[PDB]
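>>> Just the starting chains for now, same placement as in the complex:
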Amino acid sequence: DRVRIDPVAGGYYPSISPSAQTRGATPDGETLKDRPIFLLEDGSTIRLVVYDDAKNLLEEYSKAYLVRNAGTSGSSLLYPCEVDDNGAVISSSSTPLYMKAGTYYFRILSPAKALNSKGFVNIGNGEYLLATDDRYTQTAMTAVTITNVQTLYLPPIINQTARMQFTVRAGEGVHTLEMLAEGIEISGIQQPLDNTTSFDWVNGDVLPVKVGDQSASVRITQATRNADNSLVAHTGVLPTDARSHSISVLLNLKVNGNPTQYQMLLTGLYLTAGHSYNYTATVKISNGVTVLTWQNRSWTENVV
């Protein structure tokens, strides 16, 4: 007696480097106007969060989907799936979402993570989360009116966390460059928000940019290799204000078969959602001594 819901992927806005923010109208229609939309990555999962016309959660219409870029000209297709609380697929079963007629609000999360007691998701450091963002018009939450089957056109989603990337190049005298099991440890970042603090995500609440601490850390254990023998390591970090504090970055690398450790102490940092904080480091041999040199672009606003 209901209606089958066929959701159509809207893609995502990938993470970009910082540049001075649009201090304008909430919601912002100008920040993403010239931003390209990428296809949702093949094998990723999305959670469809349904609300009634009064913006109240409808747990019964909560559905998870598996992405397969199997459409016309490599387009994305969404397959009903069953996931764990972290959004990883656990079973085969493809049960379609059937809904009654009416007007509903809907939000998206990727990975298809489980909703907590406060109506949002549990998110720490060392993870990415694409979702509905009320900060921009392009990604803002939409309503659908349901009248056999109906096509649900999904708006594009955007990153809720910051991203840090380290490219480590093999410089003068470096023949072999690998990651140690200890990898890259980022320290002095935001400690993840408590489950006792209220967050009304459906009405526009977003992760705060509060002061990080000496005890919160994240470890990157995996890196990819470029043709030039350089390593690329990346991770998600929660939005954190460390403008008055330091963020230490410890790189544990195996240079020419010997274990080494290098520390980058980074002061004056404002890590925000949807941005990449890219670093390019080079391991060199000066005499017999191994050094790490790095470079990175920095942006600061007028204080006056």
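Cool, the structure landed. Numbering: from 1, shown residues only, chains lettered A, B, ... in the order given.
>>> Now residue A:117. Nearest residue, chain neighbours left out?
residue A:195 (6.6 Å; Cβ to Cβ, 6 or more residues apart in numbering). No exception for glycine: its C-beta is placed from N, CA and C like everyone else's.
>>> Repeat that for residue A:243.
residue A:268 (5.2 Å).
>>> With residue A:253 instead?
Closest to residue A:253 by Cβ to Cβ, 6+ apart is residue A:260, at 5.3 Å.
>>> again with residue A:278
residue A:165 (4.7 Å).
>>> quick one on the thing from earlier: in contact with the residue nearest to residue A:243, which residues?
Residue A:268 makes contact with A:242-244, A:300, according to Cβ atoms under 8 Å, 6 or more residues apart in numbering.
>>> Which residue ranges of the stretch 101-250 of chain A form strands?
Taking DSSP state E, counting those that start in this stretch, the strands of the stretch 101-250 of chain A run over residues A:102-110, A:130-131, A:142-146, A:149-153, A:157-159, A:162-170, A:177-187, A:210-211, A:217-220, A:224-225, A:231-237, A:240-255.
>>> And the ones you listed: which comes nearest residue A:275?
strand A:162-170 (5.6 Å; Cβ to Cβ).
>>> Residues contacting the closest one, please?
Residues outside strand A:162-170 that contact it (Cβ under 8 Å, 6+ apart): A:15, A:128, A:176-177, A:184, A:186, A:220, A:223, A:226, A:228-240, A:249, A:251, A:253, A:271-283.
>>> and the residue nearest to residue A:243, which of the three is it?
Under DSSP: H, G, I helix; E, B strand; the rest coil, the three-state class of residue A:268 is strand.
>>> Another chain to add, chain B:
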Amino acid sequence: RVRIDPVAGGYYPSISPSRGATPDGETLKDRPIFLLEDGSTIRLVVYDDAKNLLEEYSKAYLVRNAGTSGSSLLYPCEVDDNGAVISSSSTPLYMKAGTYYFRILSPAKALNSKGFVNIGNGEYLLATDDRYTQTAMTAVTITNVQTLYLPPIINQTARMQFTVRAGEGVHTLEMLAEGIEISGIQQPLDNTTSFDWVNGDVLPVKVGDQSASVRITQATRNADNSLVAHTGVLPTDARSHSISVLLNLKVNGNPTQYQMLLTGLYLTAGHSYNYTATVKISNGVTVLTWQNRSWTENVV
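Below is chain B, added to the chains above:
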């Protein structure tokens, strides 16, 4: 007493950063020597064969690149304690026969109680350096007149330079009276009694102090409308600590302030730490962007 006619040996200018086996004969081997700048002063510091100060043979000279070759000529002069000429009334140097050690300073600053000169931030000092063979202290044996060939001199402080470019939407870019203020650099006021310059002591690379600061009020303009500001800074260990650069600029007629926080820096004598900062308009908002270049060593 023999008349001393000193002949300028030039100087090794400040370069961008790029080991230890003292004295080092390899660091400066392919480095070019510049002529001492016209109007600058040099102070001659004389010691006996046992390396004891001879205050009576202390002399200051004024540089004039008037030499029959295009060379620097040294004219006896009278200076203030900061090395500025107060009179160019030339009284030549006359010395008795024997063996003497000699050191050079530029500007011709006055020697303090410890036998060195008072140096702070916001100044350059060229001098004799025992760290390199080319600039190391020499002895002279005096036997009517004698020509004293001076070895080249080199910088005792670090140098910082900021090039501020006029980026997208920037029509006018000037310095405010507040200019560029650098803090978190070595404290000149943190005194050492343990300074024996004649036997090879050099300025320590101390951890900086936020209380220690310097202000650049003057800048030059490049053809592309960019500004160039620079200053001397005493050797600073900003590897684990930061240097703060506050740039007070007038962008398109409005006063602005930007903070650069720099880290992973070991600022040493004779080196230039150069920054290229661009003032941009993103929407209506003005930003400053630059590139960090840091280095760190293996701890293992």
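>>> ok chain B is in now, so what about the contacts of residue A:268?
The contact partners of residue A:268, taken as Cβ atoms under 8 Å, 6 or more residues apart in numbering or on different chains, are A:242-244, A:300, B:242, B:259, B:261.
>>> Now the residue lying closest to residue A:38 once chain neighbours are set aside. Its backbone dihedrals?
Spatially, and ignoring its direct neighbours in sequence, residue A:38 is nearest to residue A:14 (5.2 Å; Cβ to Cβ, 6 or more residues apart in numbering or on different chains). Per-residue torsions, residue A:14: phi -70, psi 160 (degrees, to the nearest 10).
>>> Counting neighbours, what do you get for residue A:14?
15 (other Cβ atoms under 10 Å in any protein chain shown).
>>> how about the residue in chain A that chain B sits nearest to, phi and psi?
Going by Cβ to the nearest Cβ, chain B is nearest to residue A:20 of chain A, at 3.4 Å. Taking degrees, to the nearest 10, you get phi -40, psi 120 for the backbone angles of residue A:20.
>>> okay but it is in contact with residue A:300, surely?
No. Using Cβ atoms under 8 Å, residue A:20 makes no contact with residue A:300, being 9.5 Å away.
>>> Apart from its neighbours in sequence, what residue is nearest the residue positioned nearest the centre of chain A?
Centrality entry for chain A: nearest residue to the mean C-alpha point is residue A:128, 2.8 Å, by Cα atoms, centre = their mean. Nearest non-adjacent residue to residue A:128, counting by Cβ to Cβ, 6+ apart: residue A:236, 4.4 Å away.
>>> Verify the contact between the one you found and residue A:125 for me.
Yes. Between residue A:236 and residue A:125 there is a contact under Cβ under 8 Å: 6.8 Å.
>>> Please say which of those two ends up with more neighbours.
residue A:125 (22 against 19).
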